[PDB]
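Chemist: Questions regarding the structure given below will be posed in turn.
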Amino acid sequence: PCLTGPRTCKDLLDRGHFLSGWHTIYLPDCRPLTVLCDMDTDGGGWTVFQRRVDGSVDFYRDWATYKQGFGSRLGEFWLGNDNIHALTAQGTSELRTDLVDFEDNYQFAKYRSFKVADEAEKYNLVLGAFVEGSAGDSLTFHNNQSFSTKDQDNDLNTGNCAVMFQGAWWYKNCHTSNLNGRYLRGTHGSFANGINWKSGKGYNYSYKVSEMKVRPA
Amino acid sequence: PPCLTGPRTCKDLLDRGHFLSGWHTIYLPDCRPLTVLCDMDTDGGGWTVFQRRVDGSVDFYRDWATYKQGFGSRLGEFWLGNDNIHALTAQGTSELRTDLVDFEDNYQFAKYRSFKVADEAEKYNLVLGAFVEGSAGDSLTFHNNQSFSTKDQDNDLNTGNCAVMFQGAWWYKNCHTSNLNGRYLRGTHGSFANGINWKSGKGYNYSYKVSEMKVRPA
Amino acid sequence: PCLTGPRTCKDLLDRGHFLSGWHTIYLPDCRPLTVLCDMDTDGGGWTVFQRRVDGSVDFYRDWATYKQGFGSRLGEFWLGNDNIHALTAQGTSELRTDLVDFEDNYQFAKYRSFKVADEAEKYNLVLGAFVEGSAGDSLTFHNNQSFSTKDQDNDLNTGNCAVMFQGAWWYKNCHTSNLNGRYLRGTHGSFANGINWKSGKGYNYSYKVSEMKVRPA
Ligand SMILES: CC(=O)N[C@@H]1[C@@H](O)[C@H](O)[C@@H](CO)O[C@H]1O
Ligand SMILES: CC(=O)N[C@@H]1[C@@H](O)[C@H](O)[C@@H](CO)O[C@H]1O
Ligand SMILES: CC(=O)N[C@@H]1[C@@H](O)[C@H](O)[C@@H](CO)O[C@H]1O
Ligand SMILES: [Ca+2]
Ligand SMILES: [Ca+2]
Ligand SMILES: [Ca+2]
């Protein structure tokens with residue numbers, strides 16, 4: 001199947017798959033991966049590597065777990081850092097972030113290009129220009145930063161950001177966005193440890209839905 | 001353009017011991033593979049679901065193209081696409097079932113001897129057989145023999161645009177007695193007949209919680 | 001095909017399926033079966049055979065229907081007794097149960113082993129022994145009874161305990177756990193006919209989430 005197999009959800013849309021769902025694709029080295037395709041948002045063809053929807057999965061996970069990926073196809077997941085690297089290493093994927101609050105308001109953020117490096121470079125975030133988006137730009141702040149988890153500190157803070165904000169991210173000192181934070185359901189008293197996006201609903205409101213997804217430029 | 005290679009319907013799949021509802025691949029007429037939702041439970045099981053509404057998560061007020069190719073998500077609401085549905089019902093003779101749930105969790109249903117839609121050439125003309133039964137009453141025969149319409153394709157019998165007037169996409173006459181691709185208005189609504197409505201069921205001013213349209217070989 | 005594909009969800013996790021979802025496996029007799037793998041909980045690699053989550057599937061069913069299996073891959077289901085049998089047939093696997101109340105508190109129970117008797121010998125519950133559950137042991141009391149359903153009495157009682165409590169279970173005058181009971185959606189005014197587990201919520205409260213699952217040792 002690797003021969004002439006689809007490489008991204010875009011190929012799958014081009015080839016006539018118009019329903020959002022899980023399909024297998026073939027990574028550059030030919031490894032088959034089953035991924036979530038968003039065929040609807042902003043013209044479709046997006047590969048979704050992060051989804052938050054209901055609080056059912058625990059995102060406070062170690063480096064090994066973020067490495068291989070975790071969660072469920074029936075709901076919330078992180079595709080895996082090795083997987084994300086592979087999806088974004090060769091070519092130019094743009095990045096969309098879709099956000100939904102509990103009052104059912106939708107907001108987004110689109111970036112001109114998105115790439116994460118291999119495990120040897122700490123899954124370094126390399127992020128292109130902010131394009132448009134009502135959610136406002138809350139990821140540029142994180143550009144060119146290593147990824148970190150509770151058991152592996154690569155931040156620019158004297159503490160551990162992933163522990164202080166109970167998540168995992170390309171934290172610097174510490175964060176403006178925190179989509180892998182705890183599912184706190186709306187406004188929360190604690191500071192910045194929920195699924196947050198500063199420019200969007202700020203450090204004190206934890207989104208209901210979060211999706212992170214890539215498409216070839 | 002039927003495939004003898006493998007399973008042509010959810011019925012075939014049920015027959016080969018697939019007892020759980022879910023997405024499965026069937027083989028249409030030119031052995032074109034399609035992943036479809038099978039209802040393995042309702043009324044003996046083996047129904048292929050081509051329309052599903054559940055939570056209002058997906059926008060159903062879409063244009064011709066979008067309805068032609070299909071839209072939505074396997075995790076939730078979808079319209080299988082008019083090409084797909086035609087392809088599904090062109091060969092043979094399929095029962096149609098409509099299952100409906102209100103927000104008190106009351107179940108209603110309608111059933112029809114046969115259902116097909118013509119190809120795009122003929123505007124996905126609906127061709128419906130006799131009503132068999134159902135607590136929801138018959139709010140579909142009125143639509144027998146009409147072209148499909150969307151908001152950017154008026155093929156109806158009103159001097160206006162039914163799809164715009166009633167925010168949906170359907171085999172609009174002048175205009176309708178069902179509007180299952182209407183807006184998801186959660187129960188009662190004061191607007192007229194622009195919800196997930198079935199006239200003989202909960203009238204023109206109530207929009208259902210769940211709607212499912214499915215076929216099965218007679 | 002058969003001699004090269006996985007025979008439990010564990011095998012699939014060892015081959016690098018880190019996300020929970022439906023995958024097909026091959027039983028002892030080479031018949032293929034598509035089962036839900038929990039790749040997440042407790043090291044992952046669990047084949048899930050029962051699942052309650054939203055009360056959308058009628059669990060008030062007969063012998064035949066429990067025999068073949070019923071429900072929706074998208075939601076709630078019973079994998080079916082001769083599958084559950086086929087799975088737990090040759091070898092030995094640990095049963096773990098996972099419960100979640102309508103305020104999002106987690107409770108589980110593990111058992112050294114779990115298997116059901118075949119079509120012939122009714123569906124006799126052959127448990128293992130309790131070992132470390134925050135929801136207590138509400139199943140040891142059921143070890144060694146036949147499965148019974150509204151149309152088949154195999155319990156130790158004058159009336160159908162399954163008709164009494166609208167469930168299907170290894171009953172015996174009567175029950176301490178009613179996982180196939182009704183989804184009475186939390187606090188309820190009838191007795192022992194919800195998705196009940198004594199040690200956990202008592203007899204008049206019905207869980208938000210229930211899952212039973214197995215894994216080799
Ligand atoms: C990928 C998929 O299944 N569809 C998601 C949907 O679940 C989400 O609620 C919304 C936010 O844009 O739309 C899509 O991103
Ligand atoms: C997976 C699926 O098809 N969904 C079920 C369907 O069996 C049925 O139409 C309806 C009640 O009839 O309940 C839905 O949730
Ligand atoms: C637990 C299980 O085996 N089922 C998965 C679970 O990992 C996930 O957290 C949940 C989300 O709805 O349901 C299923 O996708
Ligand atoms: Ca540090
Ligand atoms: Ca007109
Ligand atoms: Ca009895």
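In the structure tokens, the first chain shown is A, the next is B, and so on; residue numbers restart at 1 for each chain, and ligands run from 1 in the order shown.
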How large is the C-alpha RMSD when chain A is optimally fitted onto chain C, using all Cα positions paired one-to-one in sequence order?

Modeler: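 That gives an RMSD of 0.5 Å.
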
Chemist: Could you give me, as a ChimeraX atom specification, the residues within 7 Å of region 142-148 of chain B, counting only C-alpha atoms and dropping anything in the same chain fewer than 6 positions from it?

Modeler: /B:123-128,155,170-173,177

Chemist: Kindly provide, as a PDB file with N, CA and C atoms, in the first residue's frame, all nucleotide and amino acid residues lying within 10 Å of ligand 3, counting only C-alpha atoms and all ligand atoms.

Modeler:
ATOM      1  N   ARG A  52      -8.813  18.242  22.051  1.00  0.00           N
ATOM      2  CA  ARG A  52      -9.446  18.339  23.385  1.00  0.00           C
ATOM      3  C   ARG A  52     -10.912  18.656  23.213  1.00  0.00           C
ATOM      4  N   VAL A  53     -11.745  17.913  23.941  1.00  0.00           N
ATOM      5  CA  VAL A  53     -13.155  17.886  23.665  1.00  0.00           C
ATOM      6  C   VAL A  53     -14.038  17.661  24.879  1.00  0.00           C
ATOM      7  N   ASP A  54     -13.512  17.034  25.932  1.00  0.00           N
ATOM      8  CA  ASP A  54     -14.399  16.684  27.043  1.00  0.00           C
ATOM      9  C   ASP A  54     -13.774  16.346  28.408  1.00  0.00           C
ATOM     10  N   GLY A  55     -12.446  16.344  28.501  1.00  0.00           N
ATOM     11  CA  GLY A  55     -11.773  16.148  29.770  1.00  0.00           C
ATOM     12  C   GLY A  55     -11.476  14.713  30.098  1.00  0.00           C
ATOM     13  N   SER A  56     -11.913  13.811  29.243  1.00  0.00           N
ATOM     14  CA  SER A  56     -11.830  12.369  29.518  1.00  0.00           C
ATOM     15  C   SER A  56     -10.432  11.749  29.496  1.00  0.00           C
ATOM     16  N   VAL A  57      -9.460  12.436  28.920  1.00  0.00           N
ATOM     17  CA  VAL A  57      -8.119  11.867  28.842  1.00  0.00           C
ATOM     18  C   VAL A  57      -7.211  12.773  29.623  1.00  0.00           C
ATOM     19  N   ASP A  58      -6.235  12.171  30.287  1.00  0.00           N
ATOM     20  CA  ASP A  58      -5.274  12.908  31.081  1.00  0.00           C
ATOM     21  C   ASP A  58      -4.093  13.348  30.225  1.00  0.00           C
ATOM     22  N   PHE A  70      -0.733   9.708  22.668  1.00  0.00           N
ATOM     23  CA  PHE A  70      -1.641   9.112  23.629  1.00  0.00           C
ATOM     24  C   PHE A  70      -3.060   9.579  23.434  1.00  0.00           C
ATOM     25  N   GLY A  71      -4.002   8.859  24.035  1.00  0.00           N
ATOM     26  CA  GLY A  71      -5.415   9.200  23.955  1.00  0.00           C
ATOM     27  C   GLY A  71      -6.274   8.216  23.170  1.00  0.00           C
ATOM     28  N   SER A  72      -7.402   8.692  22.684  1.00  0.00           N
ATOM     29  CA  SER A  72      -8.315   7.815  21.983  1.00  0.00           C
ATOM     30  C   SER A  72      -8.805   8.405  20.646  1.00  0.00           C
ATOM     31  N   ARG A  73      -8.958   7.542  19.651  1.00  0.00           N
ATOM     32  CA  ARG A  73      -9.584   7.981  18.425  1.00  0.00           C
ATOM     33  C   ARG A  73     -11.031   8.339  18.623  1.00  0.00           C
ATOM     34  N   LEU A  74     -11.650   7.884  19.697  1.00  0.00           N
ATOM     35  CA  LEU A  74     -13.040   8.252  19.898  1.00  0.00           C
ATOM     36  C   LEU A  74     -13.130   9.628  20.534  1.00  0.00           C
ATOM     37  N   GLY A  75     -12.009  10.205  20.957  1.00  0.00           N
ATOM     38  CA  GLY A  75     -12.097  11.548  21.550  1.00  0.00           C
ATOM     39  C   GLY A  75     -10.856  12.410  21.560  1.00  0.00           C
ATOM     40  N   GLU A  76     -10.165  12.433  22.686  1.00  0.00           N
ATOM     41  CA  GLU A  76      -9.055  13.335  22.862  1.00  0.00           C
ATOM     42  C   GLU A  76      -7.724  12.623  22.660  1.00  0.00           C
ATOM     43  N   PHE A  77      -6.747  13.312  22.063  1.00  0.00           N
ATOM     44  CA  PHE A  77      -5.439  12.687  21.792  1.00  0.00           C
ATOM     45  C   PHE A  77      -4.323  13.694  21.454  1.00  0.00           C
TER      46      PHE A  77
ATOM     47  N   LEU C  19      -2.745   4.767  20.240  1.00  0.00           N
ATOM     48  CA  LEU C  19      -4.062   5.397  20.394  1.00  0.00           C
ATOM     49  C   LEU C  19      -5.141   4.341  20.594  1.00  0.00           C
ATOM     50  N   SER C  20      -6.052   4.603  21.522  1.00  0.00           N
ATOM     51  CA  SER C  20      -7.211   3.741  21.717  1.00  0.00           C
ATOM     52  C   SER C  20      -8.129   3.806  20.497  1.00  0.00           C
ATOM     53  N   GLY C  21      -8.596   2.642  20.053  1.00  0.00           N
ATOM     54  CA  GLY C  21      -9.674   2.573  19.053  1.00  0.00           C
ATOM     55  C   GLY C  21      -9.923   1.156  18.574  1.00  0.00           C
ATOM     56  N   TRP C  22     -10.780   1.015  17.566  1.00  0.00           N
ATOM     57  CA  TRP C  22     -11.089  -0.302  17.026  1.00  0.00           C
ATOM     58  C   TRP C  22     -10.009  -0.814  16.062  1.00  0.00           C
ATOM     59  N   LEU C  36     -12.348  -3.002  20.554  1.00  0.00           N
ATOM     60  CA  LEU C  36     -11.894  -1.711  21.071  1.00  0.00           C
ATOM     61  C   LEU C  36     -10.693  -1.903  21.991  1.00  0.00           C
ATOM     62  N   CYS C  37      -9.546  -1.338  21.634  1.00  0.00           N
ATOM     63  CA  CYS C  37      -8.381  -1.355  22.502  1.00  0.00           C
ATOM     64  C   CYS C  37      -8.274  -0.075  23.319  1.00  0.00           C
ATOM     65  N   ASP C  38      -8.154  -0.214  24.639  1.00  0.00           N
ATOM     66  CA  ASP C  38      -7.785   0.901  25.512  1.00  0.00           C
ATOM     67  C   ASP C  38      -6.277   0.854  25.581  1.00  0.00           C
ATOM     68  N   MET C  39      -5.609   1.833  24.961  1.00  0.00           N
ATOM     69  CA  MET C  39      -4.134   1.807  24.907  1.00  0.00           C
ATOM     70  C   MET C  39      -3.573   2.718  25.985  1.00  0.00           C
ATOM     71  N   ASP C  40      -4.491   3.238  26.782  1.00  0.00           N
ATOM     72  CA  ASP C  40      -4.187   4.348  27.659  1.00  0.00           C
ATOM     73  C   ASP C  40      -4.041   3.943  29.139  1.00  0.00           C
ATOM     74  N   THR C  41      -5.157   3.543  29.749  1.00  0.00           N
ATOM     75  CA  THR C  41      -5.225   3.107  31.123  1.00  0.00           C
ATOM     76  C   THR C  41      -4.213   2.038  31.516  1.00  0.00           C
ATOM     77  N   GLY C  44      -1.904   0.405  29.260  1.00  0.00           N
ATOM     78  CA  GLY C  44      -2.606   0.076  28.015  1.00  0.00           C
ATOM     79  C   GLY C  44      -2.523  -1.352  27.498  1.00  0.00           C
ATOM     80  N   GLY C  45      -3.293  -1.661  26.447  1.00  0.00           N
ATOM     81  CA  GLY C  45      -3.262  -2.981  25.821  1.00  0.00           C
ATOM     82  C   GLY C  45      -4.445  -3.817  26.278  1.00  0.00           C
ATOM     83  N   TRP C  46      -5.539  -3.149  26.633  1.00  0.00           N
ATOM     84  CA  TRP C  46      -6.741  -3.822  27.122  1.00  0.00           C
ATOM     85  C   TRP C  46      -7.772  -3.976  26.003  1.00  0.00           C
ATOM     86  N   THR C  47      -8.358  -5.160  25.892  1.00  0.00           N
ATOM     87  CA  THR C  47      -9.451  -5.359  24.983  1.00  0.00           C
ATOM     88  C   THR C  47     -10.738  -5.076  25.742  1.00  0.00           C
ATOM     89  N   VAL C  48     -11.471  -4.038  25.338  1.00  0.00           N
ATOM     90  CA  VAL C  48     -12.662  -3.627  26.069  1.00  0.00           C
ATOM     91  C   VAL C  48     -13.866  -4.410  25.584  1.00  0.00           C
ATOM     92  N   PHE C  49     -14.625  -5.035  26.487  1.00  0.00           N
ATOM     93  CA  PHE C  49     -15.761  -5.841  26.029  1.00  0.00           C
ATOM     94  C   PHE C  49     -17.105  -5.346  26.483  1.00  0.00           C
ATOM     95  N   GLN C  50     -17.126  -4.303  27.320  1.00  0.00           N
ATOM     96  CA  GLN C  50     -18.381  -3.676  27.737  1.00  0.00           C
ATOM     97  C   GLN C  50     -18.097  -2.210  27.900  1.00  0.00           C
ATOM     98  N   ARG C  51     -19.069  -1.358  27.601  1.00  0.00           N
ATOM     99  CA  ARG C  51     -18.831   0.050  27.728  1.00  0.00           C
ATOM    100  C   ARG C  51     -20.155   0.792  27.867  1.00  0.00           C
ATOM    101  N   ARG C  52     -20.281   1.558  28.957  1.00  0.00           N
ATOM    102  CA  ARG C  52     -21.433   2.430  29.155  1.00  0.00           C
ATOM    103  C   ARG C  52     -20.908   3.847  29.309  1.00  0.00           C
ATOM    104  N   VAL C  53     -21.626   4.819  28.740  1.00  0.00           N
ATOM    105  CA  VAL C  53     -21.041   6.150  28.605  1.00  0.00           C
ATOM    106  C   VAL C  53     -22.065   7.261  28.504  1.00  0.00           C
ATOM    107  N   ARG C  73     -19.955   0.770  17.963  1.00  0.00           N
ATOM    108  CA  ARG C  73     -18.522   1.055  18.090  1.00  0.00           C
ATOM    109  C   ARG C  73     -18.264   2.512  18.457  1.00  0.00           C
ATOM    110  N   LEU C  74     -19.235   3.364  18.165  1.00  0.00           N
ATOM    111  CA  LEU C  74     -19.090   4.769  18.402  1.00  0.00           C
ATOM    112  C   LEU C  74     -19.370   5.111  19.837  1.00  0.00           C
ATOM    113  N   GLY C  75     -19.919   4.161  20.585  1.00  0.00           N
ATOM    114  CA  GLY C  75     -20.410   4.460  21.920  1.00  0.00           C
ATOM    115  C   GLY C  75     -20.498   3.297  22.875  1.00  0.00           C
ATOM    116  N   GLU C  76     -21.706   2.834  23.137  1.00  0.00           N
ATOM    117  CA  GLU C  76     -21.876   1.797  24.134  1.00  0.00           C
ATOM    118  C   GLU C  76     -22.071   0.460  23.453  1.00  0.00           C
ATOM    119  N   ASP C  98     -13.591  -0.014  35.179  1.00  0.00           N
ATOM    120  CA  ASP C  98     -13.344   1.389  35.310  1.00  0.00           C
ATOM    121  C   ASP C  98     -14.669   2.088  35.363  1.00  0.00           C
ATOM    122  N   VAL C 209     -19.996   6.429  33.617  1.00  0.00           N
ATOM    123  CA  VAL C 209     -19.123   5.610  32.792  1.00  0.00           C
ATOM    124  C   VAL C 209     -18.723   4.266  33.415  1.00  0.00           C
ATOM    125  N   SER C 210     -18.833   3.212  32.611  1.00  0.00           N
ATOM    126  CA  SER C 210     -18.471   1.872  33.030  1.00  0.00           C
ATOM    127  C   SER C 210     -17.777   1.157  31.862  1.00  0.00           C
ATOM    128  N   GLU C 211     -16.711   0.433  32.164  1.00  0.00           N
ATOM    129  CA  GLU C 211     -15.989  -0.269  31.140  1.00  0.00           C
ATOM    130  C   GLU C 211     -15.396  -1.484  31.766  1.00  0.00           C
ATOM    131  N   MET C 212     -15.574  -2.635  31.120  1.00  0.00           N
ATOM    132  CA  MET C 212     -14.925  -3.856  31.577  1.00  0.00           C
ATOM    133  C   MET C 212     -13.950  -4.294  30.479  1.00  0.00           C
ATOM    134  N   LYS C 213     -12.769  -4.789  30.848  1.00  0.00           N
ATOM    135  CA  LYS C 213     -11.734  -5.070  29.829  1.00  0.00           C
ATOM    136  C   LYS C 213     -10.727  -6.096  30.300  1.00  0.00           C
TER     137      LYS C 213
END

Chemist: What does the list of residues within 12 Å of ligand 6 look like if you count only C-alpha atoms and all ligand atoms, written as a VMD selection string?

Modeler: chain C and resid 146 to 165 170 to 175

Chemist: Would you pick out the contacts of residue 166 (chain A) at 7 Å or less, using only C-alpha atoms, so that residues sharing its chain but fewer than 4 positions from it are not included, and give the list as a tab-separated table (two decimals) with N, CA, C and O atoms, in the first residue's frame?

Modeler:
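Now in part35.tsv:
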chain	number	residue	atom	x	y	z
A	60	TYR	N	-1.55	15.31	31.42
A	60	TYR	CA	-0.37	15.58	32.24
A	60	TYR	C	0.60	14.42	32.18
A	60	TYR	O	0.78	13.69	33.14
A	162	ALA	N	6.12	23.04	32.92
A	162	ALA	CA	5.15	22.00	32.62
A	162	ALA	C	4.47	21.55	33.90
A	162	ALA	O	3.30	21.17	33.89
A	181	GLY	N	-2.95	21.79	28.62
A	181	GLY	CA	-3.21	21.99	30.05
A	181	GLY	C	-4.42	21.20	30.53
A	181	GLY	O	-5.03	20.47	29.77
A	182	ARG	N	-4.78	21.36	31.80
A	182	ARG	CA	-5.90	20.61	32.36
A	182	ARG	C	-7.21	21.12	31.85
A	182	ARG	O	-7.40	22.33	31.66
A	193	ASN	N	-3.26	27.28	34.25
A	193	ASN	CA	-2.99	25.85	34.19
A	193	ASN	C	-4.08	25.05	33.42
A	193	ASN	O	-4.03	23.81	33.32

Chemist: Quick one: everything within 9 Å of residue 30 (chain B), counting only C-alpha atoms, minus sequence neighbours fewer than 3 positions away in the same chain. Send it as a compact mmCIF listing (two decimals) with N, CA, C and O atoms, in the first residue's frame.

Modeler:
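Dumped to selection_31.txt:
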# COMPACT_ATOMS: atom_id res chain seq x y z
N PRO B 1 -23.82 0.69 -14.74
CA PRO B 1 -22.92 0.15 -13.70
C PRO B 1 -23.58 -1.01 -12.93
O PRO B 1 -24.64 -0.83 -12.31
N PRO B 2 -23.91 -4.24 -10.06
CA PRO B 2 -23.47 -4.54 -8.69
C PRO B 2 -22.15 -5.33 -8.62
O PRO B 2 -21.85 -6.12 -9.52
N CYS B 3 -21.39 -5.11 -7.55
CA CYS B 3 -20.10 -5.78 -7.31
C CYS B 3 -20.27 -7.16 -6.65
O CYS B 3 -20.84 -7.28 -5.55
N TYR B 27 -19.06 -1.92 -1.04
CA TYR B 27 -18.64 -1.84 -2.43
C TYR B 27 -19.82 -1.53 -3.30
O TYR B 27 -20.70 -2.37 -3.49
N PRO B 33 -15.35 1.53 -3.46
CA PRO B 33 -15.44 1.38 -2.01
C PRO B 33 -15.88 2.68 -1.32
O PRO B 33 -15.39 3.76 -1.64

Chemist: In Å, rounded to a single decimal, give me how far CA of residue 132 (chain C) is from CA of residue 67 (chain A).

Modeler: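 According to the coordinates, CA of residue 67 (chain A) and CA of residue 132 (chain C) are separated by 29.5 Å.
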
Chemist: With only C-alpha atoms considered, list every residue of chain B at most 12 Å from chain A, as number ranges by chain.

Modeler: B: 22-23, 32-37, 50, 56-60, 62, 65-81, 83-84

Chemist: Write out as number ranges by chain the set of residues from region 2-214 of chain B that DSSP, computed on the backbone, places in strand (DSSP E or B).

Modeler: B: 21-27, 33-39, 47-53, 71-73, 78-79, 94-101, 107-112, 115-117, 126-128, 131-133, 149-150, 153, 170, 178, 183, 187-188, 195, 198, 203, 206-207, 210-214

Chemist: Find the residues of chain B that sit at most 6 Å from ligand 5; for each, write down the nearest two atoms and how far apart they are in Å, to one decimal. Count only C-alpha atoms and all ligand atoms. Sort by chain, then by number going up, and give it as a tab-separated table.

Modeler:
residue	atom	partner	partner_atom_place_in_ligand_line	distance
B:154	CA	ligand 5	1 (Ca)	5.2
B:155	CA	ligand 5	1 (Ca)	5.9
B:156	CA	ligand 5	1 (Ca)	4.8
B:157	CA	ligand 5	1 (Ca)	5.4
B:158	CA	ligand 5	1 (Ca)	4.5
B:159	CA	ligand 5	1 (Ca)	4.3
B:160	CA	ligand 5	1 (Ca)	4.7
B:161	CA	ligand 5	1 (Ca)	5.0

Chemist: To one decimal place in Å, what is the distance between CA of residue 84 (chain C) and CA of residue 122 (chain C)?

Modeler: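 Computing it gives 12.7 Å between the two atoms.
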
Chemist: Return the single residue from C:190, C:144, C:94, C:177 that is closest to residue 202 (chain C), with distances computed using only C-alpha atoms.

Modeler: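 Going through C:190, C:144, C:94, C:177 one by one, the smallest distance to residue 202 (chain C) is for C:177.
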
Chemist: Give me, as a PyMOL selection string, all polymer residues having an atom no more than 6 Å from residue 101 (chain C), counting only C-alpha atoms and skipping those fewer than 4 positions away in the same chain.

Modeler: chain C and resi 105+207-208

Chemist: Can you pull out every residue within 9 Å of region 30-34 of chain A, counting only C-alpha atoms, but drop anything in the same chain fewer than 3 positions away, and send it as number ranges by chain?

Modeler: A: 1-3, 22-27, 83; C: 17
